[PDB]
file final-v8.txt (compact mmCIF, C-alpha atoms)
# COMPACT_ATOMS: atom_id res chain seq x y z
CA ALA A 2 128.18 74.67 88.57
CA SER A 3 128.60 72.15 85.71
CA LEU A 4 125.59 70.26 84.43
CA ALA A 5 127.68 67.76 82.50
CA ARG A 6 129.42 66.85 85.74
CA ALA A 7 126.28 66.59 87.84
CA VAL A 8 125.01 64.07 85.33
CA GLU A 9 128.29 62.19 85.55
CA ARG A 10 127.77 61.92 89.34
CA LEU A 11 124.19 60.66 88.99
CA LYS A 12 125.08 58.10 86.31
CA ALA A 13 127.87 56.96 88.62
CA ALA A 14 125.58 56.08 91.51
CA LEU A 15 123.06 54.51 89.16
CA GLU A 16 125.56 51.97 87.79
CA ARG A 17 126.63 50.68 91.21
CA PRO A 18 124.90 47.55 92.62
CA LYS A 19 121.95 48.79 94.65
CA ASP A 20 121.70 48.91 98.45
CA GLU A 21 120.07 51.48 100.74
CA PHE A 22 123.18 53.67 100.76
CA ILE A 23 123.71 53.86 97.00
CA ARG A 24 119.94 54.22 96.73
CA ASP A 25 119.68 57.35 98.84
CA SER A 26 122.86 58.81 97.39
CA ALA A 27 121.28 58.37 93.94
CA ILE A 28 118.15 60.20 95.04
CA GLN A 29 120.35 62.91 96.58
CA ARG A 30 122.29 63.35 93.34
CA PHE A 31 119.00 63.34 91.46
CA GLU A 32 117.96 66.50 93.27
CA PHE A 33 121.01 68.69 92.72
CA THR A 34 121.15 67.56 89.12
CA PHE A 35 117.60 68.72 88.66
CA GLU A 36 118.42 72.09 90.24
CA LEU A 37 121.23 72.73 87.75
CA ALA A 38 119.02 71.40 85.01
CA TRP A 39 116.12 73.79 85.35
CA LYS A 40 118.43 76.74 86.05
CA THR A 41 120.09 75.77 82.76
CA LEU A 42 116.77 75.94 80.93
CA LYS A 43 116.12 79.28 82.66
CA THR A 44 119.33 80.95 81.52
CA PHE A 45 118.90 79.56 78.03
CA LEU A 46 115.30 80.80 77.79
CA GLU A 47 116.04 84.21 79.30
CA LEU A 48 118.87 84.60 76.79
CA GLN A 49 116.23 84.94 74.09
CA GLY A 50 113.72 87.22 75.81
CA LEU A 51 111.43 84.57 77.33
CA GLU A 52 111.23 84.29 81.11
CA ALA A 53 110.96 81.33 83.47
CA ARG A 54 110.27 82.16 87.10
CA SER A 55 109.87 78.54 88.19
CA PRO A 56 110.94 75.03 87.15
CA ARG A 57 107.62 74.03 85.61
CA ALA A 58 107.70 77.25 83.56
CA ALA A 59 111.25 76.49 82.44
CA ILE A 60 110.07 73.06 81.35
CA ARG A 61 107.05 74.54 79.55
CA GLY A 62 109.30 77.20 78.05
CA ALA A 63 111.88 74.80 76.60
CA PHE A 64 109.06 72.68 75.23
CA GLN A 65 107.59 75.51 73.14
CA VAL A 66 110.85 77.27 72.28
CA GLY A 67 111.94 73.97 70.74
CA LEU A 68 114.94 72.80 72.82
CA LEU A 69 113.47 69.78 74.65
CA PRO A 70 111.03 67.49 72.77
CA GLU A 71 107.47 67.09 74.10
CA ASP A 72 107.93 64.70 77.02
CA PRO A 73 105.23 64.61 79.70
CA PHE A 74 107.78 62.74 81.82
CA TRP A 75 109.68 65.91 82.73
CA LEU A 76 106.66 67.09 84.67
CA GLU A 77 106.64 63.65 86.26
CA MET A 78 110.22 64.15 87.41
CA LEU A 79 109.43 67.57 88.84
CA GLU A 80 106.77 65.86 90.97
CA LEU A 81 109.19 63.21 92.30
CA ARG A 82 111.74 65.89 93.09
CA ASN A 83 109.38 67.47 95.61
CA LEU A 84 109.21 64.20 97.49
CA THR A 85 112.93 63.69 98.05
CA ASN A 86 112.52 65.32 101.44
CA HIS A 87 109.76 62.88 102.42
CA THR A 88 111.87 59.80 101.76
CA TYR A 89 111.93 59.09 105.47
CA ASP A 90 109.27 56.73 104.08
CA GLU A 91 111.40 53.89 102.67
CA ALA A 92 108.76 52.76 100.17
CA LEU A 93 108.66 56.22 98.61
CA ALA A 94 112.46 56.04 98.38
CA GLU A 95 112.22 52.91 96.30
CA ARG A 96 109.39 54.36 94.23
CA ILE A 97 111.68 57.27 93.34
CA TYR A 98 114.85 55.28 92.64
CA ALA A 99 112.74 53.27 90.22
CA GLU A 100 112.48 56.25 87.83
CA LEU A 101 115.99 57.70 88.12
CA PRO A 102 117.34 55.62 85.20
CA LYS A 103 114.80 57.33 82.93
CA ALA A 104 115.42 60.74 84.49
CA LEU A 105 119.05 60.15 83.58
CA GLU A 106 118.06 59.67 79.94
CA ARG A 107 116.33 63.00 79.91
CA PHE A 108 119.28 64.81 81.42
CA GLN A 109 121.65 63.21 78.92
CA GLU A 110 119.27 64.41 76.22
CA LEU A 111 119.25 68.00 77.43
CA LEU A 112 123.05 67.97 77.52
CA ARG A 113 123.08 66.93 73.88
CA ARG A 114 120.51 69.40 72.62
CA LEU A 115 122.32 72.23 74.38
CA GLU A 116 124.83 71.34 71.65
CA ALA B 2 106.84 57.92 110.05
CA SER B 3 109.15 57.48 113.07
CA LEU B 4 111.73 60.09 114.01
CA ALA B 5 113.55 57.57 116.16
CA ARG B 6 113.82 55.36 113.06
CA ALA B 7 114.96 58.16 110.76
CA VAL B 8 117.63 59.12 113.28
CA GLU B 9 118.82 55.50 113.29
CA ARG B 10 119.12 55.66 109.51
CA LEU B 11 121.38 58.68 109.77
CA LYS B 12 123.51 57.08 112.47
CA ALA B 13 124.00 54.06 110.26
CA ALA B 14 125.25 56.00 107.27
CA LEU B 15 127.49 57.91 109.66
CA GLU B 16 129.12 54.81 111.16
CA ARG B 17 130.07 53.26 107.79
CA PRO B 18 133.58 54.12 106.48
CA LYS B 19 133.39 57.21 104.26
CA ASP B 20 133.43 57.67 100.48
CA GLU B 21 131.36 59.74 98.02
CA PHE B 22 128.31 57.51 97.94
CA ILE B 23 128.15 57.19 101.70
CA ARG B 24 128.79 60.93 101.98
CA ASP B 25 125.94 61.85 99.66
CA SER B 26 123.61 59.33 101.32
CA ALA B 27 124.32 60.80 104.74
CA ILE B 28 123.35 64.19 103.39
CA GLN B 29 120.11 62.76 102.00
CA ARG B 30 119.30 61.01 105.27
CA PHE B 31 119.83 64.34 106.92
CA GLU B 32 117.52 66.09 104.48
CA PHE B 33 114.63 63.90 105.67
CA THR B 34 115.59 63.17 109.22
CA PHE B 35 115.49 66.94 109.73
CA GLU B 36 112.08 67.25 108.05
CA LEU B 37 110.64 64.75 110.49
CA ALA B 38 112.35 66.60 113.33
CA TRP B 39 110.67 69.93 112.79
CA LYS B 40 107.31 68.29 112.04
CA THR B 41 107.78 66.54 115.41
CA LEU B 42 108.44 69.79 117.24
CA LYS B 43 105.47 71.37 115.49
CA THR B 44 103.30 68.53 116.76
CA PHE B 45 104.72 68.80 120.28
CA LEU B 46 104.26 72.59 120.31
CA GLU B 47 100.70 72.18 119.08
CA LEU B 48 99.98 69.77 121.88
CA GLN B 49 101.49 72.33 124.26
CA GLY B 50 98.90 74.79 123.07
CA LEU B 51 101.24 76.92 120.99
CA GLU B 52 101.59 77.50 117.28
CA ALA B 53 104.51 76.99 114.93
CA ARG B 54 104.14 77.48 111.21
CA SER B 55 107.70 77.30 109.95
CA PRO B 56 110.87 75.35 110.78
CA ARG B 57 112.48 78.38 112.44
CA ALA B 58 109.32 79.32 114.32
CA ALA B 59 109.24 75.70 115.54
CA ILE B 60 112.84 75.79 116.69
CA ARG B 61 112.37 79.13 118.44
CA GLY B 62 109.26 77.68 120.02
CA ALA B 63 111.19 74.61 121.16
CA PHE B 64 113.65 76.80 123.05
CA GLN B 65 110.90 78.91 124.64
CA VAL B 66 108.82 76.06 126.08
CA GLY B 67 112.03 74.64 127.48
CA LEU B 68 112.02 71.38 125.50
CA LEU B 69 115.41 71.94 123.97
CA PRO B 70 118.14 73.92 125.75
CA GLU B 71 119.47 77.15 124.23
CA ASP B 72 121.64 76.10 121.30
CA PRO B 73 122.42 78.25 118.27
CA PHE B 74 123.52 75.17 116.32
CA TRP B 75 119.91 74.28 115.55
CA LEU B 76 119.66 77.33 113.34
CA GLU B 77 122.92 76.40 111.62
CA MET B 78 121.34 73.05 110.76
CA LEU B 79 118.30 74.71 109.24
CA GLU B 80 120.70 76.87 107.24
CA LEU B 81 122.42 73.68 106.10
CA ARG B 82 119.18 71.86 105.48
CA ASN B 83 118.33 74.50 102.90
CA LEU B 84 121.59 73.99 100.98
CA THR B 85 121.15 70.31 100.15
CA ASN B 86 119.99 71.31 96.68
CA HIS B 87 123.23 73.22 96.06
CA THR B 88 125.33 70.13 96.50
CA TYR B 89 126.16 69.96 92.81
CA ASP B 90 129.15 71.76 94.36
CA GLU B 91 131.29 69.13 96.11
CA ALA B 92 133.14 71.54 98.37
CA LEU B 93 129.74 72.28 99.87
CA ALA B 94 128.75 68.62 100.34
CA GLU B 95 131.95 68.14 102.27
CA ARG B 96 131.14 71.26 104.31
CA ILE B 97 127.72 69.77 105.19
CA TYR B 98 128.97 66.28 105.95
CA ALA B 99 131.54 67.60 108.41
CA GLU B 100 128.68 68.98 110.50
CA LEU B 101 126.54 65.83 110.49
CA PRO B 102 128.12 64.10 113.50
CA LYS B 103 127.23 67.17 115.59
CA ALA B 104 123.74 67.28 114.11
CA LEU B 105 123.21 63.65 115.08
CA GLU B 106 124.07 64.40 118.72
CA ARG B 107 121.32 66.99 118.68
CA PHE B 108 118.70 64.80 117.05
CA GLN B 109 119.43 62.09 119.56
CA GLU B 110 119.03 64.73 122.26
CA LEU B 111 115.64 65.87 120.97
CA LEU B 112 114.53 62.22 120.88
CA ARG B 113 115.72 61.72 124.43
CA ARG B 114 113.84 64.79 125.67
CA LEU B 115 110.53 63.94 124.00
CA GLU B 116 110.45 61.36 126.79
call {"tool": "encode", "arguments": {"input": "final-v8.txt", "output": "structure tokens"}}
result
Amino acid sequence: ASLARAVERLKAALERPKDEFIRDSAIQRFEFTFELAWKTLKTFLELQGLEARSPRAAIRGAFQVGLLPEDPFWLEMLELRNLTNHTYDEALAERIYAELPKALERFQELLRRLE
Amino acid sequence: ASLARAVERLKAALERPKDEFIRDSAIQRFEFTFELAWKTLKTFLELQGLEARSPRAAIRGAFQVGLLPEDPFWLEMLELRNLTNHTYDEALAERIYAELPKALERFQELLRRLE
């Protein structure tokens, strides 16, 4: 499970010229990237004593323990991520794809900070 | 939200010639088309005067009331449905995709029977 590669796959879909297929595939890739992301934070945090038993906690953890800089947007992403399974609603699909480009910026940031 | 419509969205992605983006989008259209499917059984069961709290309970209930015929593949789908988030692993995505054409036959069947 490589984070650097999951990002590469998300970026990929995000550069293509949008249509419903590339859209959904972007959303799809957004989810598994987020899974590897928070697990990353987890492992990192646990390494130094702290404990994260859930994504939000891993976000909150990284925020205090330095790592990621105070960005209320991460919590915003977490919220979108819970909707991916309700995208049978095409408007919600669009509403989500609209924020992926930013979400990508955050992931690219985490990759950097993890040195 | 229409199940019949969500099924049509899956069919579409399945007819198009394959590649990564289409692959991933078919997975994502499965992630939600399945969510509507169990929420549709739940509703049906409720109207039947029964109770179903979870996806499995709903599928088991479907078999009991005689809506759907005995088919162990429905549980395999649920097992697949819960792996979408572990798609950062491409060997898995391919494993899921391969089973989608079968899953579509079953969704179309459910739709046909709710008639």
call {"tool": "calpha_fit_and_write", "arguments": {"input": "final-v8.txt", "fixed": "chain B", "moving": "chain A", "output": "tab-separated table (two decimals) with C-alpha atoms, in the frame of the given file"}}
result
chain	number	residue	atom	x	y	z
A	2	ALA	CA	106.83	58.39	110.07
A	3	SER	CA	109.16	57.42	112.96
A	4	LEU	CA	111.75	59.88	114.19
A	5	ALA	CA	113.63	57.27	116.19
A	6	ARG	CA	114.07	55.28	113.00
A	7	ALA	CA	115.13	58.19	110.83
A	8	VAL	CA	117.88	58.84	113.33
A	9	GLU	CA	118.86	55.19	113.20
A	10	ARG	CA	119.27	55.52	109.41
A	11	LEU	CA	121.40	58.67	109.68
A	12	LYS	CA	123.64	57.23	112.40
A	13	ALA	CA	124.04	54.18	110.17
A	14	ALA	CA	125.48	56.10	107.23
A	15	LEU	CA	127.63	58.19	109.54
A	16	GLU	CA	129.45	55.16	110.99
A	17	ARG	CA	130.43	53.71	107.61
A	18	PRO	CA	133.90	54.55	106.18
A	19	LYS	CA	133.46	57.67	104.07
A	20	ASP	CA	133.42	57.84	100.26
A	21	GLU	CA	131.35	60.01	97.91
A	22	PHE	CA	128.44	57.56	97.95
A	23	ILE	CA	128.11	57.20	101.72
A	24	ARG	CA	128.73	60.94	101.89
A	25	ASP	CA	125.77	61.93	99.75
A	26	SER	CA	123.54	59.27	101.27
A	27	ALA	CA	124.36	60.77	104.68
A	28	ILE	CA	123.40	64.24	103.49
A	29	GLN	CA	120.22	62.76	101.98
A	30	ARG	CA	119.29	61.08	105.26
A	31	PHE	CA	120.13	64.31	107.06
A	32	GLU	CA	117.35	66.07	105.20
A	33	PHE	CA	114.45	63.70	105.80
A	34	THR	CA	115.50	63.36	109.41
A	35	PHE	CA	115.28	67.10	109.78
A	36	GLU	CA	111.82	67.13	108.19
A	37	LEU	CA	110.48	64.64	110.74
A	38	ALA	CA	112.32	66.51	113.44
A	39	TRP	CA	110.75	69.91	113.01
A	40	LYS	CA	107.31	68.41	112.34
A	41	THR	CA	107.82	66.64	115.67
A	42	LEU	CA	108.49	69.94	117.42
A	43	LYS	CA	105.43	71.38	115.65
A	44	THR	CA	103.00	68.73	116.85
A	45	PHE	CA	104.44	68.88	120.34
A	46	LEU	CA	104.16	72.68	120.48
A	47	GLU	CA	100.68	72.80	118.96
A	48	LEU	CA	99.58	70.23	121.53
A	49	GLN	CA	99.91	72.94	124.17
A	50	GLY	CA	98.35	75.90	122.37
A	51	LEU	CA	101.50	77.40	120.81
A	52	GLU	CA	101.83	77.42	117.03
A	53	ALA	CA	104.77	76.87	114.69
A	54	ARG	CA	104.15	77.65	111.04
A	55	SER	CA	107.76	77.09	109.97
A	56	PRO	CA	110.87	75.19	111.07
A	57	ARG	CA	112.68	78.18	112.54
A	58	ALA	CA	109.55	78.98	114.56
A	59	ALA	CA	109.37	75.38	115.77
A	60	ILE	CA	112.99	75.68	116.86
A	61	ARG	CA	112.32	79.02	118.58
A	62	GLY	CA	109.17	77.56	120.11
A	63	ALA	CA	110.83	74.49	121.64
A	64	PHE	CA	113.60	76.71	122.96
A	65	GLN	CA	111.23	78.91	124.99
A	66	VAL	CA	108.70	76.23	125.91
A	67	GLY	CA	111.61	74.37	127.51
A	68	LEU	CA	111.98	71.12	125.51
A	69	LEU	CA	115.28	71.73	123.67
A	70	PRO	CA	118.11	73.55	125.51
A	71	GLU	CA	119.41	76.86	124.10
A	72	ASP	CA	121.61	75.73	121.21
A	73	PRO	CA	122.39	78.25	118.47
A	74	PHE	CA	123.55	75.25	116.43
A	75	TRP	CA	120.00	74.20	115.54
A	76	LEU	CA	119.64	77.37	113.51
A	77	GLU	CA	122.97	76.47	111.95
A	78	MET	CA	121.58	73.11	110.89
A	79	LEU	CA	118.48	74.70	109.41
A	80	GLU	CA	120.81	76.78	107.23
A	81	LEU	CA	122.76	73.74	105.98
A	82	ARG	CA	119.52	71.93	105.23
A	83	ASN	CA	118.60	74.55	102.64
A	84	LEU	CA	121.81	73.84	100.79
A	85	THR	CA	121.36	70.09	100.32
A	86	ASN	CA	119.89	70.82	96.91
A	87	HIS	CA	122.96	72.84	95.88
A	88	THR	CA	125.40	70.03	96.62
A	89	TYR	CA	126.08	69.70	92.92
A	90	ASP	CA	129.04	71.70	94.27
A	91	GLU	CA	131.24	68.96	95.75
A	92	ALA	CA	132.99	71.29	98.20
A	93	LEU	CA	129.67	72.31	99.72
A	94	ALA	CA	128.88	68.59	100.05
A	95	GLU	CA	131.96	68.08	102.15
A	96	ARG	CA	131.27	71.24	104.14
A	97	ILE	CA	127.87	69.79	105.06
A	98	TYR	CA	128.99	66.24	105.85
A	99	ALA	CA	131.46	67.83	108.24
A	100	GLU	CA	128.64	68.90	110.59
A	101	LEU	CA	126.35	65.87	110.38
A	102	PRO	CA	128.01	64.11	113.35
A	103	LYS	CA	127.00	67.06	115.54
A	104	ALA	CA	123.54	67.29	113.96
A	105	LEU	CA	123.19	63.65	114.97
A	106	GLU	CA	123.90	64.58	118.59
A	107	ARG	CA	121.12	67.10	118.54
A	108	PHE	CA	118.62	64.67	117.09
A	109	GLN	CA	119.56	62.04	119.66
A	110	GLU	CA	119.00	64.71	122.29
A	111	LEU	CA	115.53	65.61	121.05
A	112	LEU	CA	114.59	61.93	121.05
A	113	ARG	CA	115.58	61.73	124.70
A	114	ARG	CA	113.85	64.88	125.88
A	115	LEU	CA	110.65	63.80	124.14
A	116	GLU	CA	110.87	61.22	126.93
call {"tool": "interface_residues", "arguments": {"input": "final-v8.txt", "of": "chain B", "to": "chain A", "cutoff": "7 Å", "atoms": "all atoms listed in the file", "output": "list in words"}}
result
residues 2, 7, 22, 23, 25, 26, 29, 32, 33, 34, 36, 86, 87, 88, 89 and 90 of chain B
call {"tool": "closest_residue", "arguments": {"input": "final-v8.txt", "among": "A:49, A:41, A:55, A:92", "to": "residue 114 (chain A)", "atoms": "all atoms listed in the file"}}
result
A:41
call {"tool": "atom_distance", "arguments": {"input": "final-v8.txt", "atom1": "CA of residue 58 (chain A)", "atom2": "CA of residue 98 (chain A)"}}
result
24.8 Å
call {"tool": "residues_near_point", "arguments": {"input": "final-v8.txt", "point": "(115.4, 77.9, 79.2)", "cutoff": "12 Å", "atoms": "only C-alpha atoms", "output": "PyMOL selection string"}}
result
chain A and resi 37-69+111+114-115
call {"tool": "atom_distance", "arguments": {"input": "final-v8.txt", "atom1": "CA of residue 81 (chain A)", "atom2": "CA of residue 94 (chain A)"}}
result
10.0 Å
call {"tool": "atom_distance", "arguments": {"input": "final-v8.txt", "atom1": "CA of residue 79 (chain A)", "atom2": "CA of residue 16 (chain A)"}}
result
22.5 Å
